[PDB]
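In the block that follows, a single chain appears as structure tokens, in the form deposited in one PDB entry.
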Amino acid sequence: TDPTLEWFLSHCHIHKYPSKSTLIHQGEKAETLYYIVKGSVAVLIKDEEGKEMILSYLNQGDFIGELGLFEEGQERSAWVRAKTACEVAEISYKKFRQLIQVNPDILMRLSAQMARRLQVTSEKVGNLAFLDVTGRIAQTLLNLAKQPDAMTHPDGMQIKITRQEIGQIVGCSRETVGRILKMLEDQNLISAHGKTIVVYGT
């Protein structure tokens, strides 16, 4: 029973998107705000040749498309792709600005998300500047093995993730991931010849 949210949503139009669909294309002019009613999405950027990196996952209760709201004529800063089937609310910036005047609390909620995103994204900068691709992948595997969904393994922790997915986390090709996983395995730090990846130590 969140009256402000239900009220906000009643001014949106809501649509279903299947997994893998693209909600937002980078470079499109930004005139509308989104809100995830159900599902999860990936926010992605690309280099000149199409190599992808994930800036963030966003989930139920997250706003999307907010970055052009405060100045007209801006473009979308990233792609947003559905990672699961999603239900996503959309509203024009013009209408949302009307809602803000009615109850500023809806803006407070959006701004709280933007603040968190800046904190999380700033933490990434430190890592990318200081580590090379091997160090980025190594750090990523340790980070994944410390998440709640990591599984225990007699030898440490076990994670399930594709070379493609790791590549999207660090901004490199699935091939480069493959080469580096083999090197870490030869350094006795992980086992990947299995199905999942085992990260040695807890």
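Note that residue numbering follows the sequence shown and begins at 1.
Just going by the entry, 187-195 versus 9-17 on mean CA temperature factor gives the higher value to 187-195. For the pair 115-123 and 102-110, the record assigns the higher mean C-alpha temperature factor to 102-110.
Considering 176, 147, 56, 40 together, the PDB entry gives 147 the largest C-alpha B factor. Going by the entry's values, 154 shows the largest Cα B-factor out of 27, 154, 171, 65. Remark: residue 60 belongs to the middle third of its chain, ranked by C-alpha B-factor as recorded. When the modelled residues of the chain are ordered by their C-alpha B factor, residue 161 lands in the highest third. Remark: residue 78 belongs to the lowest third of its chain, ranked by C-alpha B-factor as recorded. Ranked against the other modelled residues of its chain, the C-alpha B-factor of residue 85 as given in the entry falls in the highest third. Among the modelled residues of its chain, residue 52 has a C-alpha B-factor that falls in the middle third according to the deposited record.
Below, we turn to the form deposited in another entry, even though it does not appear here.
The rigid-part assignment of residue 119 coincides with that of residue 72 in the two-part motion between the shown form and the other one, each C-alpha going to the superposition fitting it better.
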